[PDB]
Amino acid sequence: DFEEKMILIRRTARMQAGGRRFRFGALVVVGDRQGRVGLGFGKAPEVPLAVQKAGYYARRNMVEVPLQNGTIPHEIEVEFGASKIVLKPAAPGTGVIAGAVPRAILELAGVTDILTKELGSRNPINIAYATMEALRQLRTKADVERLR
RNA sequence: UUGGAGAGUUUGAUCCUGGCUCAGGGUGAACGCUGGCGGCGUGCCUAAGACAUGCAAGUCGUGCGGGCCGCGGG
Ligand SMILES: [Mg+2]
Ligand SMILES: [Mg+2]
Ligand SMILES: [Mg+2]
Ligand SMILES: [Mg+2]
Ligand SMILES: [Mg+2]
Ligand SMILES: [Mg+2]
Ligand SMILES: [Mg+2]
Ligand SMILES: [Mg+2]
Ligand SMILES: [Mg+2]
Ligand SMILES: [Mg+2]
Ligand SMILES: [Mg+2]
Ligand SMILES: [Mg+2]
Ligand SMILES: [Mg+2]
Ligand SMILES: [Mg+2]
Ligand SMILES: [Mg+2]
Ligand SMILES: [Mg+2]
C-alpha cells in the first residue's frame, strides 16, 4: 500500500437563485517513501468523498523519482503557469528545506535532502503540479549517456 | 558545491496581477511588569550647549650660580 497526505482541502461555491451551493476540493499526494509519488486533485459534494476521489486519481497518476542518497540528481527549475518551483541537490545533513506543498511531495517521494524555493504565484495547486512536472523531468547520469 | 520553507488579506467562488501585514536575526538602546548570584564585555547615539572643585606632564644638582633651613666643625 501507499502512505498518504492531505495538502489542501478547500471549499468552493457557485451561485444560484436562492443561494450559494458548495463543493469540496482535495489535493492529495501519495507515496512509498522510496521513489514513487503521485499527485491527485479531487472534487465531490462532500469532504471525505473528495479526499477518497483525490487519493484515487493520485494513484492513477505517478512518477518515478530517481533518488540518490535521498537527494535528487541535479538542479531543476520548472514553471507551471505563473508558479515556479526550484529544486536543488543537498548533502546528507541538510534535511528538506521547503514549504508544505513541495515538502509533502518530496518527503512521501522519499526525498530526504534538498534545497527548494517557490517563486511567482504560490497558489498551492499550481505549485503542486509544478513540483510534479519538475520531478518528472529529472535525469540520471545513465539516462543522459543512453540518450546521447 | 554545507546552501535557498513561507502565511494572512481584493471574489459568491477561480485564476492572475498587485500592495499592505506577519512570523526570523540584529542594537551603545529605551519603556512597562518582574528581578537572586557570578564572569567577560559594555554604558551621553541628544546641546562640538554651559560648567563650581580636585586631578590628567614633567624631569635631570652627573650642565650653572644662588637663597632658605638643617647636619657635620674652625
Ligand atoms: Mg527516471
Ligand atoms: Mg501559477
Ligand atoms: Mg511566466
Ligand atoms: Mg551531489
Ligand atoms: Mg498568497
Ligand atoms: Mg476583506
Ligand atoms: Mg475587484
Ligand atoms: Mg469575503
Ligand atoms: Mg500577497
Ligand atoms: Mg527595565
Ligand atoms: Mg525596579
Ligand atoms: Mg557627543
Ligand atoms: Mg541651544
Ligand atoms: Mg546654557
Ligand atoms: Mg597626582
Ligand atoms: Mg648630564
# chains A, B, ... in the order shown; residues from 1 in each chain; ligands from 1
>>> interface_residues(of="chain B", to="chain A", cutoff="8 Å", atoms="only C-alpha atoms (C1' of nucleotides)", output="PyMOL selection string")
chain B and resi 2-6+12-13+16
>>> residues_near_ligand(ligand="ligand 9", cutoff="10 Å", atoms="only C-alpha atoms (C1' of nucleotides) and all ligand atoms", output="JSON, numbers by chain")
{"A": [121, 122], "B": [7, 8, 9, 18, 19, 20, 21]}
>>> write_last_selection(atoms="N, CA and C atoms (P, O5', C5', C4', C3', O3' and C1' of nucleotides)", output="PDB file, in the first residue's frame")
ATOM      1  N   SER A 121       3.499  32.829  -8.633  1.00  0.00           N
ATOM      2  CA  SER A 121       2.285  32.536  -7.921  1.00  0.00           C
ATOM      3  C   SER A 121       2.501  31.381  -7.011  1.00  0.00           C
ATOM      4  N   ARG A 122       2.251  31.562  -5.721  1.00  0.00           N
ATOM      5  CA  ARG A 122       2.418  30.458  -4.778  1.00  0.00           C
ATOM      6  C   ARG A 122       1.093  29.792  -4.474  1.00  0.00           C
TER       7      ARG A 122
ATOM      8  P     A B   7       2.516  29.979   1.349  1.00  0.00           P
ATOM      9  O5'   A B   7       1.858  30.570   2.668  1.00  0.00           O
ATOM     10  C5'   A B   7       1.443  29.716   3.714  1.00  0.00           C
ATOM     11  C4'   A B   7       0.915  30.523   4.855  1.00  0.00           C
ATOM     12  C3'   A B   7      -0.199  31.485   4.492  1.00  0.00           C
ATOM     13  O3'   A B   7      -1.461  30.872   4.552  1.00  0.00           O
ATOM     14  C1'   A B   7       1.478  32.641   5.667  1.00  0.00           C
ATOM     15  P     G B   8      -2.632  31.407   3.616  1.00  0.00           P
ATOM     16  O5'   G B   8      -3.138  32.712   4.363  1.00  0.00           O
ATOM     17  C5'   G B   8      -3.440  32.702   5.744  1.00  0.00           C
ATOM     18  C4'   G B   8      -3.841  34.073   6.240  1.00  0.00           C
ATOM     19  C3'   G B   8      -4.722  34.911   5.328  1.00  0.00           C
ATOM     20  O3'   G B   8      -6.084  34.531   5.377  1.00  0.00           O
ATOM     21  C1'   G B   8      -2.970  36.246   6.144  1.00  0.00           C
ATOM     22  P     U B   9      -7.009  34.719   4.083  1.00  0.00           P
ATOM     23  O5'   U B   9      -7.015  36.290   3.883  1.00  0.00           O
ATOM     24  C5'   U B   9      -7.697  37.156   4.765  1.00  0.00           C
ATOM     25  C4'   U B   9      -7.511  38.568   4.303  1.00  0.00           C
ATOM     26  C3'   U B   9      -7.869  38.838   2.852  1.00  0.00           C
ATOM     27  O3'   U B   9      -9.250  38.990   2.643  1.00  0.00           O
ATOM     28  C1'   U B   9      -5.796  39.822   3.331  1.00  0.00           C
ATOM     29  P     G B  18       3.066  41.515 -10.032  1.00  0.00           P
ATOM     30  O5'   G B  18       2.388  42.559  -9.043  1.00  0.00           O
ATOM     31  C5'   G B  18       2.108  43.892  -9.430  1.00  0.00           C
ATOM     32  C4'   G B  18       1.180  44.523  -8.444  1.00  0.00           C
ATOM     33  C3'   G B  18       1.681  44.590  -7.019  1.00  0.00           C
ATOM     34  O3'   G B  18       2.576  45.649  -6.778  1.00  0.00           O
ATOM     35  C1'   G B  18      -0.532  43.784  -7.030  1.00  0.00           C
ATOM     36  P     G B  19       3.903  45.369  -5.918  1.00  0.00           P
ATOM     37  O5'   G B  19       3.514  45.822  -4.443  1.00  0.00           O
ATOM     38  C5'   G B  19       3.246  47.189  -4.205  1.00  0.00           C
ATOM     39  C4'   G B  19       2.113  47.434  -3.240  1.00  0.00           C
ATOM     40  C3'   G B  19       2.326  47.101  -1.778  1.00  0.00           C
ATOM     41  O3'   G B  19       3.114  48.056  -1.140  1.00  0.00           O
ATOM     42  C1'   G B  19       0.175  46.447  -2.412  1.00  0.00           C
ATOM     43  P     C B  20       4.027  47.678   0.105  1.00  0.00           P
ATOM     44  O5'   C B  20       2.977  47.436   1.279  1.00  0.00           O
ATOM     45  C5'   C B  20       2.150  48.487   1.741  1.00  0.00           C
ATOM     46  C4'   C B  20       1.057  48.019   2.677  1.00  0.00           C
ATOM     47  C3'   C B  20       1.486  47.158   3.849  1.00  0.00           C
ATOM     48  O3'   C B  20       2.011  47.897   4.932  1.00  0.00           O
ATOM     49  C1'   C B  20      -0.352  46.145   2.799  1.00  0.00           C
ATOM     50  P     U B  21       3.305  47.346   5.705  1.00  0.00           P
ATOM     51  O5'   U B  21       2.688  46.097   6.452  1.00  0.00           O
ATOM     52  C5'   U B  21       1.517  46.244   7.228  1.00  0.00           C
ATOM     53  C4'   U B  21       1.112  44.934   7.841  1.00  0.00           C
ATOM     54  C3'   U B  21       2.230  44.044   8.366  1.00  0.00           C
ATOM     55  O3'   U B  21       2.685  44.434   9.644  1.00  0.00           O
ATOM     56  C1'   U B  21       0.762  42.759   7.076  1.00  0.00           C
TER      57        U B  21
END
>>> residues_near_ligand(ligand="ligand 3", cutoff="9 Å", atoms="only C-alpha atoms (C1' of nucleotides) and all ligand atoms", output="number ranges by chain")
A: 79-84, 120
>>> write_last_selection(atoms="C-alpha atoms", output="PDB file, in the first residue's frame")
ATOM      1  CA  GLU A  79       7.226  26.828 -14.333  1.00  0.00           C
ATOM      2  CA  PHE A  80       3.615  25.728 -14.356  1.00  0.00           C
ATOM      3  CA  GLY A  81       1.624  28.800 -15.344  1.00  0.00           C
ATOM      4  CA  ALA A  82       2.783  31.635 -13.104  1.00  0.00           C
ATOM      5  CA  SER A  83       4.131  29.273 -10.431  1.00  0.00           C
ATOM      6  CA  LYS A  84       7.748  28.306 -10.222  1.00  0.00           C
ATOM      7  CA  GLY A 120       5.819  33.517  -8.753  1.00  0.00           C
TER       8      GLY A 120
END
>>> residues_near_ligand(ligand="ligand 15", cutoff="10 Å", atoms="only C-alpha atoms (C1' of nucleotides) and all ligand atoms", output="list in words")
residues 54, 55 and 56 of chain B
>>> closest_atom_pairs(of="chain B", to="ligand 10", cutoff="10 Å", atoms="only C-alpha atoms (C1' of nucleotides) and all ligand atoms", output="CSV")
residue,atom,partner,partner_atom_place_in_ligand_line,distance
B:30,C1',ligand 10,1 (Mg),8.7
B:31,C1',ligand 10,1 (Mg),7.2
B:32,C1',ligand 10,1 (Mg),7.4
B:33,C1',ligand 10,1 (Mg),9.0
B:34,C1',ligand 10,1 (Mg),9.2
B:35,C1',ligand 10,1 (Mg),9.9
>>> write_last_selection(atoms="C-alpha atoms (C1' of nucleotides)", output="PDB file, in the first residue's frame")
ATOM      1  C1'   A B  30      14.781  52.862  25.603  1.00  0.00           C
ATOM      2  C1'   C B  31       9.789  51.914  28.070  1.00  0.00           C
ATOM      3  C1'   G B  32       6.456  48.546  31.081  1.00  0.00           C
ATOM      4  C1'   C B  33       5.729  44.237  34.645  1.00  0.00           C
ATOM      5  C1'   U B  34       9.226  41.412  37.460  1.00  0.00           C
ATOM      6  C1'   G B  35      14.075  40.679  39.443  1.00  0.00           C
TER       7        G B  35
END
>>> decode(residues="stretch 60-81 of chain A", atoms="N, CA and C atoms", output="PDB file, in the first residue's frame")
ATOM      1  N   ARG A  60      -3.596   6.847  -9.953  1.00  0.00           N
ATOM      2  CA  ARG A  60      -3.790   6.794 -11.393  1.00  0.00           C
ATOM      3  C   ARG A  60      -2.854   7.786 -12.121  1.00  0.00           C
ATOM      4  N   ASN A  61      -2.019   8.498 -11.354  1.00  0.00           N
ATOM      5  CA  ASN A  61      -1.016   9.440 -11.898  1.00  0.00           C
ATOM      6  C   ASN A  61       0.319   9.461 -11.119  1.00  0.00           C
ATOM      7  N   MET A  62       1.327   8.778 -11.627  1.00  0.00           N
ATOM      8  CA  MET A  62       2.537   8.635 -10.834  1.00  0.00           C
ATOM      9  C   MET A  62       3.814   9.123 -11.524  1.00  0.00           C
ATOM     10  N   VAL A  63       4.927   9.057 -10.796  1.00  0.00           N
ATOM     11  CA  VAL A  63       6.243   9.342 -11.363  1.00  0.00           C
ATOM     12  C   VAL A  63       7.361   8.691 -10.543  1.00  0.00           C
ATOM     13  N   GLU A  64       8.380   8.243 -11.248  1.00  0.00           N
ATOM     14  CA  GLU A  64       9.438   7.518 -10.617  1.00  0.00           C
ATOM     15  C   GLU A  64      10.613   8.441 -10.375  1.00  0.00           C
ATOM     16  N   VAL A  65      10.710   8.950  -9.158  1.00  0.00           N
ATOM     17  CA  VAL A  65      11.796   9.873  -8.897  1.00  0.00           C
ATOM     18  C   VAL A  65      13.105   9.168  -8.555  1.00  0.00           C
ATOM     19  N   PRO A  66      14.118   9.422  -9.381  1.00  0.00           N
ATOM     20  CA  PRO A  66      15.428   8.796  -9.294  1.00  0.00           C
ATOM     21  C   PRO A  66      16.225   9.265  -8.114  1.00  0.00           C
ATOM     22  N   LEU A  67      15.905   8.835  -6.902  1.00  0.00           N
ATOM     23  CA  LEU A  67      16.742   9.198  -5.765  1.00  0.00           C
ATOM     24  C   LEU A  67      18.231   8.859  -5.895  1.00  0.00           C
ATOM     25  N   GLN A  68      19.002   9.464  -5.012  1.00  0.00           N
ATOM     26  CA  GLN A  68      20.428   9.266  -4.901  1.00  0.00           C
ATOM     27  C   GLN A  68      20.844   9.697  -3.492  1.00  0.00           C
ATOM     28  N   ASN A  69      20.945   8.739  -2.586  1.00  0.00           N
ATOM     29  CA  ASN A  69      21.205   9.059  -1.190  1.00  0.00           C
ATOM     30  C   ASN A  69      20.163  10.020  -0.592  1.00  0.00           C
ATOM     31  N   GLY A  70      18.944   9.939  -1.114  1.00  0.00           N
ATOM     32  CA  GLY A  70      17.839  10.729  -0.588  1.00  0.00           C
ATOM     33  C   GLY A  70      17.756  12.151  -1.122  1.00  0.00           C
ATOM     34  N   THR A  71      18.580  12.453  -2.127  1.00  0.00           N
ATOM     35  CA  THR A  71      18.580  13.749  -2.778  1.00  0.00           C
ATOM     36  C   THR A  71      18.340  13.517  -4.270  1.00  0.00           C
ATOM     37  N   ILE A  72      17.972  14.556  -5.012  1.00  0.00           N
ATOM     38  CA  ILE A  72      17.697  14.397  -6.419  1.00  0.00           C
ATOM     39  C   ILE A  72      19.024  14.528  -7.171  1.00  0.00           C
ATOM     40  N   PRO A  73      19.079  14.066  -8.437  1.00  0.00           N
ATOM     41  CA  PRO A  73      20.392  14.116  -9.102  1.00  0.00           C
ATOM     42  C   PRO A  73      20.940  15.518  -9.404  1.00  0.00           C
ATOM     43  N   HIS A  74      20.087  16.416  -9.880  1.00  0.00           N
ATOM     44  CA  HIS A  74      20.557  17.688 -10.406  1.00  0.00           C
ATOM     45  C   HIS A  74      19.584  18.816 -10.062  1.00  0.00           C
ATOM     46  N   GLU A  75      20.015  20.051 -10.303  1.00  0.00           N
ATOM     47  CA  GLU A  75      19.173  21.217 -10.170  1.00  0.00           C
ATOM     48  C   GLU A  75      18.018  21.144 -11.123  1.00  0.00           C
ATOM     49  N   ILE A  76      16.827  21.477 -10.671  1.00  0.00           N
ATOM     50  CA  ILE A  76      15.762  21.635 -11.639  1.00  0.00           C
ATOM     51  C   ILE A  76      14.848  22.851 -11.314  1.00  0.00           C
ATOM     52  N   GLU A  77      14.497  23.605 -12.363  1.00  0.00           N
ATOM     53  CA  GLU A  77      13.569  24.715 -12.278  1.00  0.00           C
ATOM     54  C   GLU A  77      12.372  24.492 -13.205  1.00  0.00           C
ATOM     55  N   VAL A  78      11.161  24.606 -12.686  1.00  0.00           N
ATOM     56  CA  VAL A  78      10.012  24.401 -13.557  1.00  0.00           C
ATOM     57  C   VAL A  78       8.940  25.432 -13.318  1.00  0.00           C
ATOM     58  N   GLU A  79       8.373  25.939 -14.406  1.00  0.00           N
ATOM     59  CA  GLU A  79       7.226  26.828 -14.333  1.00  0.00           C
ATOM     60  C   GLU A  79       5.947  26.157 -14.806  1.00  0.00           C
ATOM     61  N   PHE A  80       4.929  26.183 -13.960  1.00  0.00           N
ATOM     62  CA  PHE A  80       3.615  25.728 -14.356  1.00  0.00           C
ATOM     63  C   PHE A  80       2.722  26.943 -14.210  1.00  0.00           C
ATOM     64  N   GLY A  81       2.286  27.505 -15.341  1.00  0.00           N
ATOM     65  CA  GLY A  81       1.624  28.800 -15.344  1.00  0.00           C
ATOM     66  C   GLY A  81       2.524  29.894 -14.764  1.00  0.00           C
TER      67      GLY A  81
END
